[PDB]
Amino acid sequence: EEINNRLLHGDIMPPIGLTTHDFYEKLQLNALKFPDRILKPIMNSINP
Amino acid sequence: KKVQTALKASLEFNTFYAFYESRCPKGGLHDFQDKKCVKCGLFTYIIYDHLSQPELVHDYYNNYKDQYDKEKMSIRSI
Amino acid sequence: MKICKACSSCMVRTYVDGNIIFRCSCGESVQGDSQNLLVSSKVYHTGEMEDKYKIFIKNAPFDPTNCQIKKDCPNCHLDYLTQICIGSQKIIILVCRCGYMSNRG
Amino acid sequence: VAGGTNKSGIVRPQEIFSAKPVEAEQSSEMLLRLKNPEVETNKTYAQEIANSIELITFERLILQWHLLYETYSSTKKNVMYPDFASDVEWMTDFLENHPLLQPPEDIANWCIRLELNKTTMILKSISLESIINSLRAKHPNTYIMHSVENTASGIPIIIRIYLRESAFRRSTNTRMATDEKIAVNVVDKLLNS
Ligand SMILES: [Zn+2]
Ligand SMILES: [Zn+2]
């Protein structure tokens, strides 16, 4: 959502070699990855 | 409140320095004959850290902000 | 193109001594004055220009499949706007049913 | 699967086993190692060289181009295209700012008018003089004028290249080509600079 707010305010500026569409997609793909700590709730529920 | 204010300042500075890292405000790309660019006053050790020496981050930002503003709204037009 | 004044055909363009001469297959020959000094042309980024989306942007507030945003219209003071995103630079335009258009349109 | 990075299916294996030429490669890459060890460690040095190495043709800085059958008009009395007749206003400034860049005698009746995409000039950080100097170095048989690199939106930057008579002396091996076909070819080679 913060990336979308930057897009709506025109605060997203792509680097040289990327269009704004490609940079926005790169930001969204990187922002929507699960962290390593997603296994803390999983390993709290299970008995190894 | 403080998180929002500091995040807005940090995001503004990060966007500014991610734009003007290869972009030179004096046109073309940067000319590093040292840690400092020749066409501008950009130091190499300022692009990625904006907290160690904030004054040198507030000077460069002050020098090329108005133009940065015009360029910023020029892409986002039409 | 140039249209013959008698047979209304498309006359062929030739160049002679700094002049453009239009010759038709009926024998009629004419000289162009100013509007015929355009040999060829090309425009780029045709799929993202302003004239490509004029009808779409005009119809945007009435299409019920468009994304709406919680923002006040400065003209009619309606409390929602229609948000559209055009082009590879992802240009955001907010439009309203009254006729308001961010980007001053 | 994108163009220039297609590595789907068995496209790259087919490029290897069929001994396909470089023109038929859809995912070709290269790894360039810097010479200076001091440049090697610094990432801004590597980033500036990588952005220095990026093919920007003149065509991709253009919004539109117009091929005009016009010669040079030192005065306000010669004939131009009606839509672009106002271009003569910044022409006079170009003369008053370039005393040594005067239009020669061998200018033909052929002009290519160019409209620069200001967003691409900003996103790629390309100056107007970098374009003009690059064009004048590679195309000696032309005359080039331009407006100012203004900072105000809505006022475009115009590139106008007048051909010279020497451009129509070169194409002799294909004797069945008129000046219009030659001028179009010159336009194509100008865009690919
Ligand atoms: Zn610089
Ligand atoms: Zn409204």
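Chain letters run A, B, ... following the sequence lines, proteins first, then strands; residues in each count from 1. When a ligand or atom number is given, it counts from 1 through the structure's own listing order. Both backbone and side-chain heavy atoms feed into the values below; hydrogens, waters and symmetry mates do not.
- Closest to the Zn ion (ligand 1) among the N, O or S atoms of B:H30 is ND1.
- Comment: B:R23 does not engage B:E71 in a salt bridge, judged by the lack of any side-chain N to carboxylate O separation of less than 4.0 angstrom.
- In summary, C:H77 places no N/O/S atom under 2.8 Å from the Zn ion (ligand 2), failing the contact criterion.
- Angle SG(B:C24) to the Zn ion (ligand 1) to SG(B:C37): 130° [nearest 10 degrees].
- Within the cation-pi definition used here (under 6.0 Å to the ring centroid, within 45° of the axis), D:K43 qualifies as a partner of B:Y48.
- Taking the Zn ion (ligand 2) as the apex, the angle formed with SG of C:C96 and SG of C:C76 is 110°, to the nearest 10 degrees.
- Between B:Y64 and B:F16, the gap from one ring centroid to the other reaches at least 6.0 Å.
- The closest side-chain donor-acceptor pair between D:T151 and B:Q67, if any, does not fall under 3.5 angstrom.
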